Amino acid sequence: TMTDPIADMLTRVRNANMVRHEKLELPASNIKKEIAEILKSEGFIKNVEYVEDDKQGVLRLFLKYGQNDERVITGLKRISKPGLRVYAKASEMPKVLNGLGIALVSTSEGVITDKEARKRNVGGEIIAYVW
Amino acid sequence: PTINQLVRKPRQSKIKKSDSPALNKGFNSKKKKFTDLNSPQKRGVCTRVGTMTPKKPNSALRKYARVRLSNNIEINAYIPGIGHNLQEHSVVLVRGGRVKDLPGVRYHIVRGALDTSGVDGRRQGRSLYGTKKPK
RNA sequence: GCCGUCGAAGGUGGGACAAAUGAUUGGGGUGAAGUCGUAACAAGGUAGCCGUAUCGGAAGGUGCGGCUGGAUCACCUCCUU
RNA sequence: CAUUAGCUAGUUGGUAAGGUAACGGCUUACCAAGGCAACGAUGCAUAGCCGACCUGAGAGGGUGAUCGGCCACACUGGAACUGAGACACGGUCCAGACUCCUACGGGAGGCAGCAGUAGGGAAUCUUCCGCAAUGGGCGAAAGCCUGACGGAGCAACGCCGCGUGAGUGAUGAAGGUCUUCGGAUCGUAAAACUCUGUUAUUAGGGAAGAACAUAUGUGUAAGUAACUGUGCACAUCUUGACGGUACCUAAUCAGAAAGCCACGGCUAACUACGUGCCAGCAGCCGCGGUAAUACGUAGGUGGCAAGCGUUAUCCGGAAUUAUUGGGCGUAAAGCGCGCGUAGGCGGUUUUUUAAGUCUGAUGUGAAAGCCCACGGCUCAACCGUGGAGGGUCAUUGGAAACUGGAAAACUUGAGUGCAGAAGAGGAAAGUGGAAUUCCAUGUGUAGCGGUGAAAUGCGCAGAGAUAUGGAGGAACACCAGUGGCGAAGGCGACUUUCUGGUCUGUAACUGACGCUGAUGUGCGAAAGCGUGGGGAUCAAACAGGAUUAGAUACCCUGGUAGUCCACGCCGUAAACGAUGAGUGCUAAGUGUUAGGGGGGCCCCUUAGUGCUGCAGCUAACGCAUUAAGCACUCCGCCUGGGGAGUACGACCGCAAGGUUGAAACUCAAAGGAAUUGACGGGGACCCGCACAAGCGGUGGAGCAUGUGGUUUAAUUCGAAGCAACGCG
RNA sequence: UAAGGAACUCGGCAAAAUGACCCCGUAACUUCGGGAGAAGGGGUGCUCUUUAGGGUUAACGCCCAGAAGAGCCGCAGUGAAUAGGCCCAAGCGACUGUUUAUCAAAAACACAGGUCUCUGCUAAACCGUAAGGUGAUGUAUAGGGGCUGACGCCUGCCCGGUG
């Protein structure tokens, strides 16, 4: 059965990006909502649309591609998995691709990126690597 | 495996079986027991000196010696060099290192040592094969 | 001074375990181009293999079930253009 | 270490008493039956633990010499006394084993203190000086003791530093070694001149470590009737094992001070000679069989250098146990398949909590170590200071996204309800038709049957054939299909009775009730076993008859168990999609099975089952919405090939046998996919004096010729299938 | 009966030794029942204190048993009589059983279990000349005869000869 809804979300983005689909939809969640808006503000995807249905509303993601159909997102990697969780301190926050990619960290200040997480000097759960 | 499978069954590495086992064992004559020593060399008595035919690809008469070491262990040892003065009841010093051709010879008799002369005409490589500096 | 509870060592007994050794006896490995067959690799002289049982100097064969990790052939059935 | 599964009986708890510095089964009585254990009780083997050391980029892996902290021990084993503290290394008592004395009754001893001896071993040192410093015991102190300690003796055992000479000088002497005989190389290397004294020799100076304690004086403080005396403050006197040792200064001399290993590739360094698969070398690949850069030597070269190599062991390289950081279709690896327990993981929202998580503050993580900085030895090693670092650490605040806990809410997951669908799903009992065999008759006559050919074999006592009838067993033609059902194994004649599962539609209900699943518990093709039946057909084995050189085989003739039923047992298969289960995502095209909804046809759609085929994956073959793609959860399994699925042990079984499952030893391969050829008794299509039709020749005899063989003084040398033999 | 303890002997024949009760322990091997009382250890007298127990009961009292202490005495305490020696390993027979009264008790006979064969009922087989019976008032899961002999694993080859 479904065990990691977030890993399903990143794989949905990975699979759609590989075949260059312009848009995808997935069942929404509060944490899955934030990850989408982090990727929007960081410039990985074009827009996030959240549609209210009766049960677990729909998250519509519009992927961004470049001039020569250059996939803006290169890869996605779930770090903290249900079988083994990963937590990091503010001092040992990882630098994805030497800062050329973001790490999604869920801290006490909400779901944020790894760059300004060192600014707040807080740590949390390393959700995923996006580069 | 999965992390849970690894937690229940931690990874088991392979054990390393060492060559020259007879150099890793000592003896206790008081307790009549074998010990573990890891000796560089062992000293023994030659109970048989002869010549052994080599493996099939090669062909040369190779001198060897059946040596009963300080332990109660009887091993076969090579005799490097050209000439040797060893007969029965000769005390020798035996080091590690096997002979590829000779099946059943896993040791080397150290030349130029206790009751073992060096090579008579050796002039380059006298550290091995015994023999002192000519003139 | 005596005796009495504990009490080391010692003695007796039946078991447990571990090494060494033993007439003799089993299969394995190595070697000297020693003798009989030719079982498999080509449909390898009779497709092979697996499981099983029974026979045979020996590889094995045959009996029942299964697989293609089988040829050629007769065609299925789809695909296909 | 599970091939160590059940351990204990003061055991476990309580109640009293005792005694212990003190709680306590610590001990004893009496009650109860308790206590620990797959989160590894117990047992076996091994081991002092740590700071720390080695290795590694790190994660980790190995180790526990010297220095420091803790523990335990003092010939082996018990016990207490004295004592604050011992059940006591140079204390006591007893027992034991040793060694020594004895007038035989009895006595003495304990180097795992420092040296040292014997022994074992590959291997580890002087039977030294001094309390001069630091520390300790005792004393008011002077002092005494201190094998602690401070120093000396030996050992390249290690690290560090300096040497063994430099400047000019012909890369020409003479000599080696090669040689293409011209030369080249050792080589600026050498003489040759100048030059230095690090070192060395001798011959003069010569530290620090020394602060003292005491004693002496001088003041001060407290307490004093006062003094002595004490604490404190000052300055005087004193002393050194090392040791005339560091160290410095004068002369003198290039003189007294380099060896080891390699040179085939990995891997820096090539020639000649000797030998000739020998002698020998080798870590692997391997070398050596008259022209070895691989063996031995000589020159040269190169790597290091007071060291250089070999051996022994650890980490690395090894991603070769893969947490970082591997895999299971064919290379090793998915359990034969279900049902399921612990455990692991788990759909969306809200509130709360704060165990994890994150962020601070305290305490500690000794010192010595690692790293950084700084200072002192002439530098360095080394030493000393200051930081840093080091924890699944403890206490205490703060945050609340996630994981965890509590309380509520929701349907999509999962189930239930309702309306439908198909099915060789299973069990039991019945009912049929075709066929085989046998039996009884009628007809019937000389064969039947079988092979490549045979024959055994059945017949003439009437076989085979044909017709009728009867007995019995087993299996269900046509339907029948990349068809259906089942978790798998498997399930095909029809009927009835029980009974399991699946699919479609709806959205009526519950609101996460789910997935996977060690141990466990069941099912599980054939063959096999037991009991009792049954026995038509086919038949392992067995008999023959053939083929072959042999044929305990393929061929033929028969033929027993078995094949069938009912109970049990067995629990294995190429039990295969050689592909674990669950969930979601990711181009299409076209079928078939079972439904649904719309406009016989078209479109859409659900679940199966197929064939092509994208992205993507793979070593390739290939897979590809029924993944071997992309992701998450859980389980099983693998770590080169033999030995070997073999011991041995356990467990299961009536047995066969099944499950679990090594090692000694041995090799450098084993293996997968694909490629090029060659082989196929391995087939289709063609050709060729290959076959057929043939006309039309040798091998028998005598002679000639060349050979082989024999012989000889020599019978010269070569040719030995086709492609030597009237050949040179 | 000193000391020795199978040296006697064809052979430990005979004799000697263990023996009761209570407690603790008990192996291999197994057909899982057993082996087993296995082996191998310890105690038992008397008096007193103490004080559980249940049996008849109205209670006294009467019975039959326990436990813990403190003594006492002998050489010895089931103080006499009566009451298993044991263990290791081979054949043979599975076993309990039965046999030569009056020299053989066994390895011989039985046996439960196997197998073959005969027999359809006025059965076969048997006693009788016959009638009458036995078998049996039985009916092929019954009856007679041969052979073998619990159980476990098994039982090869030969049909010429003889039946």
Side-chain angles (χ1 to χ4, degrees), chain A residues 1-21 24 26-31 34 53-57 76-78 80-90 105-112 117 120-125 127, chain B residues 1-14 16 18-20 23-24 26-30 32-33 36-43 53-63 70 80-82 93-101 103-104 107-108 110 113-114 119 121-128 133:
Chain A
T1 190
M2 175 83 66
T3 53
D4 198 348
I6 299 169
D8 189 51
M9 149 150 174
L10 314 156
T11 304
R12 275 171 186 253
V13 179
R14 197 196 290 113
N15 289 344
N17 187 56
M18 174 186 332
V19 291
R20 299 199 177 96
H21 281 137
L24 59 94
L26 54 91
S29 162
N30 284 344
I31 185 167
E34 268 81 84
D53 81 49
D54 283 343
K55 49 172 191 296
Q56 210 167 353
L76 297 111
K77 186 172 180 178
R78 181 104 174 108
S80 158
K81 297 182 249 321
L84 168 81
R85 304 261 166 190
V86 179
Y87 311 95
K89 313 190 138 56
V105 188
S106 170
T107 72
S108 296
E109 286 68 356
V111 174
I112 61 177
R120 347 271 297 271
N121 196 70
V122 293
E125 209 193 280
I127 301 180
Chain B
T2 88
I3 300 283
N4 212 26
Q5 288 182 323
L6 283 172
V7 156
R8 294 153 56 215
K9 305 151 185 207
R11 295 251 202 219
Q12 201 43 253
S13 68
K14 191 179 180 181
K16 186 182 177 182
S18 68
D19 317 88
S20 67
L23 300 191
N24 299 329
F27 199 65
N28 204 323
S29 157
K30 297 300 183 184
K32 276 323 178 60
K33 194 179 180 182
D36 179 80
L37 211 63
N38 282 11
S39 298
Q41 312 108 26
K42 285 294 252 163
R43 162 201 65 85
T53 52
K55 213 194 161 68
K56 181 176 179 180
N58 301 324
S59 198
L61 264 193
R62 318 228 178 256
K63 280 106 198 130
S70 283
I82 312 299
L93 197 73
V94 196
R95 59 148 165 109
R98 61 120 176 199
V99 172
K100 192 191 176 188
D101 329 295
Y107 303 92
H108 273 67
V110 193
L114 43 89
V119 171
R122 189 91 212 188
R123 324 266 319 291
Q124 44 176 350
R126 304 185 266 97
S127 195
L128 344 135
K133 194 156 183 81

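Residue numbers begin at 1 in each chain, while the letters A, B, ... track the order of the sequences. As a basis for the values below, the full set of heavy atoms in this structure was taken, side chains included, without hydrogen atoms, waters or symmetry mates.
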Assign A:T107 to base, sugar-phosphate, or nothing according to its heavy-atom contacts below 4.0 angstrom with the strands shown. base
The nucleotide from D:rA298, D:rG121, D:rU321 with an atom nearest the side chain of B:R43 is D:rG121
Per A:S29 side chain, nearest of listed nucleotides D:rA122, D:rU349, D:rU583: D:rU349
When both hydrogen-bonding distances must be under 3.5 Å and the geometry is Watson-Crick or G-U wobble, what is D:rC630 paired with, if anything? D:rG584
If only side-chain N and O atoms of A:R14 are considered, is one of them under 4.0 Å from the OP1 or OP2 phosphate oxygen of D:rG629? no
Quick one: look up who D:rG517 pairs with, Watson-Crick or G-U, both distances under 3.5 Å, and put none if it's unpaired. none
OP1 or OP2 of D:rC284 less than 4.0 angstrom from a side-chain nitrogen or oxygen of B:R98, does that happen here? yes
What's A:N121 touching, base or sugar-phosphate or nothing? Going by heavy atoms closer than 4.0 Å. sugar-phosphate
Could you check if D:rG387 and D:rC371 make a Watson-Crick or G-U wobble pair, where both distances must be under 3.5 Å? yes
Look at the side chain of B:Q5 and decide which nucleotide, out of D:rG636, D:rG280, D:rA122, has an atom nearest to it. D:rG636
Pucker family (sign of torsion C1'-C2'-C3'-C4'), E:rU141: south
Applying a 4.0 Å non-hydrogen cut-off, can you work out what A:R20 is touching in the nucleic acid: base, sugar-phosphate, or nothing? nothing
Considering every strand and a 4.0 Å limit on heavy-atom distances, what is the contact class for A:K77: base, sugar-phosphate, or nothing? nothing
Verify the contact: side-chain N or O of B:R122 to OP1 or OP2 of D:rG296, cut-off strictly under 4.0 Å; return yes or no. yes
Check this one for me: any side-chain N or O of A:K81 less than 4.0 Å away from OP1 or OP2 of D:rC345? no
Just curious, D:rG10 north or south if you read off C1'-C2'-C3'-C4'? south
The Watson-Crick or G-U wobble partner of D:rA440, with both key distances under 3.5 Å, is D:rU468
Would you mind classifying the nucleic acid contact of B:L6 as base, sugar-phosphate or nothing, using non-hydrogen atoms under 4.0 angstrom? sugar-phosphate
Looking at D:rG120, does its base get a donor-acceptor pair with the side chain of B:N28 below 3.5 Å? no
For D:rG640, take OP1 and OP2 only and decide whether either is under 4.0 Å from a side-chain N or O of B:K14. yes
Which part of the nucleic acid does B:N4 contact within heavy-atom distance under 4.0 Å: base, sugar-phosphate only, or nothing? sugar-phosphate
Wobble or Watson-Crick, both distances short of 3.5 angstrom: do D:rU201 and D:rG444 pair? no
Closest to the side chain of A:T11, out of D:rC632, D:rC630, D:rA279, is D:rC630
Students often get this wrong, so: under 4.0 angstrom with heavy atoms, is A:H21 touching a base, only sugar-phosphate, or nothing? sugar-phosphate
Within the structure shown, what part of the strands sits under 4.0 Å from B:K30 by heavy-atom distance: base, sugar-phosphate, or nothing? nothing
Between C:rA32, D:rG636, D:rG286, which one does the side chain of B:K9 approach most closely? D:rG636
Remember a base hit wins even if backbone is also touched, and classify B:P1 as base, sugar-phosphate or nothing at under 4.0 Å, heavy atoms. base
Should the pair B:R98-B:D19 be classified as a salt bridge under the 4.0 Å nitrogen-to-oxygen rule? no
Can you confirm whether D:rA399 and D:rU357 pair in Watson-Crick or G-U wobble fashion, both distances under 3.5 Å? yes
Look at A:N30 and D:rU349 and indicate whether a side-chain polar atom (N or O) is within less than 4.0 Å of OP1 or OP2. yes
Using a heavy-atom cut-off of 4.0 Å across all strands, would you classify B:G81 as base, sugar-phosphate, or nothing? sugar-phosphate
Side-chain N or O of A:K55 less than 4.0 angstrom from OP1 or OP2 on D:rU412? yes
Give a yes/no on whether any side-chain N or O of B:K100 is located under 4.0 angstrom from OP1 or OP2 of D:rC285. yes
A student applying the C1'-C2'-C3'-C4' rule, positive for north and negative for south, should call the sugar of E:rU100 north
Side-chain-base donor-acceptor pair under 3.5 Å for A:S108 and D:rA399: yes
OP1 or OP2 of D:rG280 sitting under 4.0 Å from any side-chain N/O of B:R62? no
The correct pucker label for E:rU9, given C1'-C2'-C3'-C4' positive equals north and negative equals south, is north
Within the 4.0 Å limit for protein heavy atoms, which parts of nucleotides 300-312 of chain D are touched? Write it as a string from 5' to 3', B for base, S for sugar-phosphate only, - for none. ---------BSBS
Taking atom CG as the centre, does A:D54 end up with more than 12 heavy-atom neighbours from other residues, nucleotides or ligands that are less than 6.0 angstrom away? no
Ignoring backbone atoms, test whether A:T3 places a side-chain nitrogen or oxygen under 4.0 Å from the OP1 or OP2 oxygen of D:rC634. no
Can you confirm whether D:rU214 and D:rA446 pair in Watson-Crick or G-U wobble fashion, both distances under 3.5 Å? no
Sugar-phosphate, base or nothing in reach of B:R8, heavy atoms under 4.0 Å: sugar-phosphate
Roughly how many Å apart are D:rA678 and D:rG672, using the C1' atom of each and rounding to a whole number? 23 Å
Would you indicate, yes or no, if D:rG584 has its OP1 or OP2 atom less than 4.0 angstrom from a side-chain nitrogen or oxygen of A:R12? no
Contact class for A:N15 vs. all strands (heavy atom < 4.0 Å): base, sugar-phosphate, or nothing? base
Starting at the 5' end of RNA chain C, what dot-bracket string do you get if Watson-Crick and G-U pairs under 3.5 Å are bracketed, crossing pairs use [ ], other-strand pairs use | and unpaired bases use dots? ..............................................((((((..(....)..))))))|............
Would you mind classifying the nucleic acid contact of A:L26 as base, sugar-phosphate or nothing, using non-hydrogen atoms under 4.0 angstrom? nothing
When you compare D:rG473 with D:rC565, how far apart are their P atoms, in angstrom units rounded to a whole number? 13 Å
Phosphate-side-chain proximity, B:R11 and D:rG326, N/O vs OP1/OP2 below 4.0 Å: no
Who passes salt bridge (charged side-chain N to carboxylate O under 4.0 Å, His left out) against A:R12, sequence neighbours left out? A:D8
Counting any heavy atom closer than 4.0 Å, what does A:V105 reach on the DNA or RNA strands: base, sugar-phosphate only, or nothing? nothing
